[PDB]
Amino acid sequence: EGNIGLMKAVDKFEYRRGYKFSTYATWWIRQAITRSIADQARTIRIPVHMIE
DNA sequence: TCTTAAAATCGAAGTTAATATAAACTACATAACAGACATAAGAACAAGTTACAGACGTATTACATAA
């Protein structure tokens with residue numbers, strides 16, 4: 001899931017902004033891990049809003 | 001031909017009843033819930049249509065009375 005996060009982060013990276021890649025990629029990989037663990041870690045799915 | 005790691009097995013009942021750690025905001029579309037209306041289905045009353053019952057009235061016969 002974090003790997004998918006990297007692919008999506010690379011697809012929309014901007015180096016005009018001058019920040020390093022790790023800072024932007026960490027956020028997207030965080031989102032990947034959290035969304036996947038909210039959607040697929042239970043036998044009975046609990047919607048994302050109820051997860052938060 | 002000789003090690004060496006794997007693979008498989010190891011009695012019946014009986015009873016037994018589980019746990020417990022570890023992003024937020026925003027935007028949009030969809031489903032659900034409630035209310036009102038129209039419709040189809042049933043309940044109620046009343047009427048009409050029809051034949052039969054129940055006792056009366058009639059018709060018939062036989063006995064009694066009158067000539």
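To find a chain, count down the sequence lines: A is the first, B the second, and so on, and within it residues start at 1. For the numbers below, each heavy atom of this structure counts, side chains included, while hydrogens, waters and symmetry mates do not.
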Mind telling me if [N] is north or south by its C1'-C2'-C3'-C4' torsion?
N: B:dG54; answer: south
N: B:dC10; answer: north
N: B:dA23; answer: south
N: B:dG14; answer: north
N: B:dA20; answer: north

Rounded to whole Å, please give me the gap between [atom1] in [X] and [atom2] in [N].
X: A:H49; N: B:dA23; atom1: NE2; atom2: P; result: 16 Å
X: A:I37; N: B:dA23; atom1: CD1; atom2: P; result: 9 Å
X: A:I29; N: B:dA23; atom1: CD1; atom2: P; result: 16 Å
X: A:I33; N: B:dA23; atom1: CD1; atom2: P; result: 12 Å
X: A:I51; N: B:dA22; atom1: CD1; atom2: P; result: 13 Å

Chi-angle category of B:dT30 [syn within 90° of 0, anti beyond]: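 Here the answer is anti: the torsion falls beyond 90° from 0.
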
Enter syn or anti for the glycosidic conformation of B:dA20, syn applying to angles within 90° of 0.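 With its glycosidic angle within 90° of zero, B:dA20 counts as syn.
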
May I ask you to test the A:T34-A:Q31 pair for a side-chain heavy-atom distance under 4.5 Å?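 Sidechains of A:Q31 and A:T34: no contact.
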
Measure from the ring center of A:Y19 to the ring center of A:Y24 and say whether it is less than 6.0 Å.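 For A:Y19 and A:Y24, the ring centres are not under 6.0 Å apart.
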
Surrounding CD1 of A:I33 (heavy atoms of other residues, nucleotides or ligands, distance under 6.0 Å), is the total greater than 12?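 Counting other residues, nucleotides and ligands, CD1 of A:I33 exceeds 12 neighbours.
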
So does A:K12 have more than 12 non-hydrogen atoms from other groups sitting under 6.0 Å from NZ?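 Buried by this count: over 12 neighbours within 6.0 Å.
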
